[PDB]
Amino acid sequence: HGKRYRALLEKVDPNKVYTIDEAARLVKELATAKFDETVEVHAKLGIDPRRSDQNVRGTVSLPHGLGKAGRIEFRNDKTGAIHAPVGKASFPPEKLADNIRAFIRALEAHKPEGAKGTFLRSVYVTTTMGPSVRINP
Amino acid sequence: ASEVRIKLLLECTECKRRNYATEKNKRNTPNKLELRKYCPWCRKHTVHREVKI
Amino acid sequence: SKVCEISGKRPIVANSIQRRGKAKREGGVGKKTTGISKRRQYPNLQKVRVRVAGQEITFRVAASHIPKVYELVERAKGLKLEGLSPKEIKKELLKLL
RNA sequence: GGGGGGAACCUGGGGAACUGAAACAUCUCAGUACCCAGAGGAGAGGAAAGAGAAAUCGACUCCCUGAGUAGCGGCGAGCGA
RNA sequence: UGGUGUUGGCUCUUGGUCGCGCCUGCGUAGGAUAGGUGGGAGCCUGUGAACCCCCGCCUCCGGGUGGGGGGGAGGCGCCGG
RNA sequence: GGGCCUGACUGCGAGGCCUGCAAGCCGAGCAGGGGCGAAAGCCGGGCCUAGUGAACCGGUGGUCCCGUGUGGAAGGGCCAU
RNA sequence: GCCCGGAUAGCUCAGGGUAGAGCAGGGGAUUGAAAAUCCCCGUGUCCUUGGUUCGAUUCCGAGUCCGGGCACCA
Ligand SMILES: [Mg+2]
Ligand SMILES: [Mg+2]
Ligand SMILES: [Mg+2]
Ligand SMILES: [Mg+2]
Ligand SMILES: [Mg+2]
Ligand SMILES: [Mg+2]
Ligand SMILES: [Mg+2]
Ligand SMILES: [Mg+2]
Ligand SMILES: [Mg+2]
Ligand SMILES: [Mg+2]
Ligand SMILES: [Mg+2]
Ligand SMILES: [Mg+2]
Ligand SMILES: [Mg+2]
Ligand SMILES: [Mg+2]
Ligand SMILES: [Mg+2]
Ligand SMILES: [Mg+2]
Ligand SMILES: [Mg+2]
Ligand SMILES: [Mg+2]
Ligand SMILES: [Mg+2]
Ligand SMILES: [Mg+2]
Ligand SMILES: [Mg+2]
Ligand SMILES: [Mg+2]
Ligand SMILES: [Mg+2]
Ligand SMILES: [Mg+2]
Ligand SMILES: [Mg+2]
Ligand SMILES: [Mg+2]
Ligand SMILES: [Mg+2]
Ligand SMILES: [Mg+2]
Ligand SMILES: [Mg+2]
Ligand SMILES: [Mg+2]
Ligand SMILES: [Mg+2]
Ligand SMILES: [Mg+2]
Ligand SMILES: [Mg+2]
Ligand SMILES: [Mg+2]
Ligand SMILES: [Mg+2]
Ligand SMILES: [Mg+2]
Ligand SMILES: [Mg+2]
Ligand SMILES: [Mg+2]
Ligand SMILES: [Mg+2]
Ligand SMILES: [Mg+2]
Ligand SMILES: [Mg+2]
Ligand SMILES: [Mg+2]
Ligand SMILES: [Zn+2]
């Protein structure tokens, strides 16, 4: 890892869970690359990968989002993960939590009807080249 | 009955209540039976589907 | 195996009950008792040897009441015990129970 | 101070079988008979970590009732608050 | 005969599972050892590139990776078949 | 032999055959919702008479009846198998 | 009743990119014979259907059938 990244690592701490708001305040502190990084929200659906019927797929029209308007399409990969762009590192903090939360909502709205586990086994917020923070969905 | 001539229920396809029990021969009739029958529950005829006894 | 010197526990009488079948809870027809018979249940008696006023005293006690013996030795500190035989020391020790 | 005795009665520790189930094993007989330890003119029990539906009662023992009820039961024979 | 009590000290070696770290993935077209999607035009270097000496190794035999001794400014992508 | 079908109905059932009991048997007619037929009408399996097994225990699908102070739940009842 | 499973050519069989191996059959070499040996060749929805992937005997759902296991039987 590069000094630049090693730096950021300090402003994190894995143990801590954080909050949609707490994470939104960090994003900016984590976007140290020469461009408007994104943000991304990585989940980890607690459903069976190799299957169908219980496949999470759809779209969400984020109120602000992207800035690159909304309607992002997301689809769970072969593993139990699902990923999506929630906006660019710019965006005032009180603008991301609105999307993070608006996106996570859609995920729950697309949970199957036959799924074992806590569904959102885990969730994280990040930036294109920065580290990541778990969050209380 | 035998292992091949087997017993079965008919379940009202609308309300899902088993209403009639009958038999069939599963060689001669591998497909699940469909039959219009009177569901006491829905008070009308209703196609019923074979359901494992 | 007999009696706890500390707790008083002695063997009780128990029935050994043989059963068969699948319990109703597991969707079975139920349990049938294919035999009942008396047996005995003994205290887990064990020897405990402790030194007290430089004499060796030894207890037949149920495992459970083992630390009770060490407790009795502790409370024996404030006791005019010296010179006594094992027997009368043990007597004295039990008097504290 | 103990020890030993006492017809029955009493409480504690142990504890059958015939029999009944028109066979028999769970169940019954029965915690009976019997053995043993102890007590006494009685013994046991006894002042709620109780009942159980009454916004209630108020230690324990004994009799009547509740009731062959509620229940228990190879849901059999029977057992039984 | 398993578990467990009575049942303790010190070592050496193992498996399961959880958390973190790191690497492992080779049909065939092909720069050649493509996990899966997703973000994405920059990222690596005085917090030391380019080959080198010992290599922990891994190997599908071409390479993959990795800590260190030398080392003193270029390597790696978008491009694009 | 062909066409359309599922009455191999749900709720009942006057009246009987048979008969120690229990069981077994036949049944017109009314209601519901149907099938076939122009209609009269027929249809509650099969020309008939064997193709079977009481209770008990328990499985499953229903119903929402009971639910040990109360609300639930455990567990039962009822209907079907 | 439930849990684990096998189906791949005539027989027995191993296996995310594929389709083979043993001896049975046939052709040839060799042999006095019978073999053993040696070389070539076949003999496939990889149980069925449905769904992943650019595709699949390979992953998943569902079936059909034999195989195993555990338990229960008023
Ligand atoms: Mg019927
Ligand atoms: Mg039939
Ligand atoms: Mg009804
Ligand atoms: Mg036992
Ligand atoms: Mg029983
Ligand atoms: Mg203990
Ligand atoms: Mg006396
Ligand atoms: Mg006496
Ligand atoms: Mg007694
Ligand atoms: Mg007695
Ligand atoms: Mg005896
Ligand atoms: Mg007897
Ligand atoms: Mg007898
Ligand atoms: Mg008898
Ligand atoms: Mg008799
Ligand atoms: Mg006899
Ligand atoms: Mg008794
Ligand atoms: Mg008196
Ligand atoms: Mg008293
Ligand atoms: Mg008091
Ligand atoms: Mg009884
Ligand atoms: Mg009794
Ligand atoms: Mg043992
Ligand atoms: Mg041990
Ligand atoms: Mg016809
Ligand atoms: Mg009908
Ligand atoms: Mg009559
Ligand atoms: Mg009669
Ligand atoms: Mg008409
Ligand atoms: Mg008419
Ligand atoms: Mg009629
Ligand atoms: Mg019986
Ligand atoms: Mg029953
Ligand atoms: Mg109720
Ligand atoms: Mg109620
Ligand atoms: Mg209660
Ligand atoms: Mg209640
Ligand atoms: Mg409540
Ligand atoms: Mg219930
Ligand atoms: Mg019920
Ligand atoms: Mg099964
Ligand atoms: Mg084969
Ligand atoms: Zn119905």
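Protein chains in written order, with the authors' numbering: chain AC, 4 to 71, 159 to 227; chain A6, 2 to 54; chain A1, 2 to 98. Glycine residues also receive a C-beta, built at the ideal position from the N, C-alpha and C atoms.
Integer-rounded CB distance, given that residue j should sit under 8 Å from residue i
{"i": "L11 (chain AC)", "j": "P183 (chain AC)", "result": "Contact doesn't hold; Cβ gap of about 17 Å is too wide."}
{"i": "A77 (chain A1)", "j": "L94 (chain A1)", "result": "6 Å"}
{"i": "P44 (chain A1)", "j": "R21 (chain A1)", "result": "No, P44 (chain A1) and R21 (chain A1) are not in contact; Cβ-Cβ is about 31 Å, not under 8 Å."}
{"i": "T41 (chain AC)", "j": "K178 (chain AC)", "result": "6 Å"}
{"i": "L10 (chain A6)", "j": "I54 (chain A6)", "result": "6 Å"}
{"i": "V223 (chain AC)", "j": "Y21 (chain AC)", "result": "5 Å"}
Pair within 8 Å by beta-carbon distance, residue i and residue j
{"i": "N189 (chain AC)", "j": "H45 (chain AC)", "result": "no"}
{"i": "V215 (chain AC)", "j": "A26 (chain AC)", "result": "yes"}
{"i": "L197 (chain AC)", "j": "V59 (chain AC)", "result": "yes"}
{"i": "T14 (chain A6)", "j": "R50 (chain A6)", "result": "yes"}
{"i": "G49 (chain AC)", "j": "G207 (chain AC)", "result": "yes"}
{"i": "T30 (chain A6)", "j": "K38 (chain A6)", "result": "no"}
{"i": "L82 (chain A1)", "j": "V49 (chain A1)", "result": "no"}
{"i": "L73 (chain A1)", "j": "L46 (chain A1)", "result": "no"}
Member of the options whose CA lies at the smallest distance from the CA of residue i
{"i": "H4 (chain AC)", "options": "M219 (chain AC), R224 (chain AC) and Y21 (chain AC)", "result": "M219 (chain AC)"}
{"i": "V5 (chain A6)", "options": "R19 (chain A6), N26 (chain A6) and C40 (chain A6)", "result": "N26 (chain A6)"}
{"i": "residue 288 (chain AC)", "options": "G207 (chain AC), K206 (chain AC), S180 (chain AC) and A174 (chain AC)", "result": "The first residue shown for chain AC is 4 and the last is 227, placing residue 288 (chain AC) beyond what the model contains."}
{"i": "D51 (chain AC)", "options": "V223 (chain AC), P202 (chain AC) and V213 (chain AC)", "result": "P202 (chain AC)"}
{"i": "residue 1 (chain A1)", "options": "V4 (chain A1), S8 (chain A1), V62 (chain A1) and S2 (chain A1)", "result": "Because chain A1 in this structure spans residues 2 to 98, residue 1 (chain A1) falls outside the shown range and cannot be described."}
{"i": "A199 (chain AC)", "options": "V42 (chain AC), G61 (chain AC), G49 (chain AC) and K47 (chain AC)", "result": "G61 (chain AC)"}
{"i": "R195 (chain AC)", "options": "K168 (chain AC), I23 (chain AC) and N18 (chain AC)", "result": "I23 (chain AC)"}
{"i": "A171 (chain AC)", "options": "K71 (chain AC), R53 (chain AC) and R7 (chain AC)", "result": "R53 (chain AC)"}
{"i": "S38 (chain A1)", "options": "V14 (chain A1), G79 (chain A1), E57 (chain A1) and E6 (chain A1)", "result": "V14 (chain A1)"}
{"i": "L33 (chain AC)", "options": "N18 (chain AC), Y21 (chain AC), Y8 (chain AC) and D56 (chain AC)", "result": "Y8 (chain AC)"}
{"i": "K71 (chain AC)", "options": "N18 (chain AC), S212 (chain AC), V20 (chain AC) and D39 (chain AC)", "result": "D39 (chain AC)"}
{"i": "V52 (chain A6)", "options": "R19 (chain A6), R28 (chain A6) and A2 (chain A6)", "result": "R19 (chain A6)"}
{"i": "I7 (chain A6)", "options": "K33 (chain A6), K45 (chain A6) and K17 (chain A6)", "result": "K33 (chain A6)"}
{"i": "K92 (chain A1)", "options": "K69 (chain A1), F60 (chain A1) and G55 (chain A1)", "result": "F60 (chain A1)"}
{"i": "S8 (chain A1)", "options": "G79 (chain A1), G28 (chain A1), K69 (chain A1) and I90 (chain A1)", "result": "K69 (chain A1)"}
{"i": "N226 (chain AC)", "options": "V30 (chain AC), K19 (chain AC), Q57 (chain AC) and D167 (chain AC)", "result": "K19 (chain AC)"}
{"i": "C5 (chain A1)", "options": "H66 (chain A1), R26 (chain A1), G55 (chain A1) and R40 (chain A1)", "result": "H66 (chain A1)"}
Boundaries (first-last residue) of the alpha helix (DSSP H) holding residue i
{"i": "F193 (chain AC)", "result": "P183 to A199"}
{"i": "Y8 (chain AC)", "result": "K6 to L12"}
{"i": "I67 (chain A1)", "result": "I67 to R76"}
{"i": "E12 (chain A6)", "result": "Run containing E12 (chain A6): none in the alpha helix (DSSP H); it sits in the beta strand (DSSP E), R6 to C13."}
{"i": "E27 (chain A1)", "result": "Counting along the chain, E27 (chain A1) falls outside any alpha helix (DSSP H), and DSSP gives it neither H nor E."}
{"i": "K38 (chain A6)", "result": "That residue, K38 (chain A6), is in no alpha helix (DSSP H); its beta strand (DSSP E) goes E35 to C40."}
{"i": "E163 (chain AC)", "result": "Here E163 (chain AC) belongs to no alpha helix (DSSP H); instead the beta strand (DSSP E) covers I162 to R165."}
{"i": "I90 (chain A1)", "result": "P87 to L95"}
Where the beta strand (DSSP E) through residue i begins and ends
{"i": "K53 (chain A6)", "result": "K45 to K53"}
{"i": "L46 (chain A1)", "result": "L46 to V53"}
{"i": "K25 (chain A6)", "result": "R19 to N26"}
{"i": "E57 (chain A1)", "result": "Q56 to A63"}
request  = Return the chain-ordered ranges of every alpha helix (DSSP H) run that is complete within the region 17-47 of chain AC and spans a minimum of 4 residues.
outcome  = Those alpha helix (DSSP H) runs which fall completely within the region 17-47 of chain AC and span 4+ residues are 23-33.
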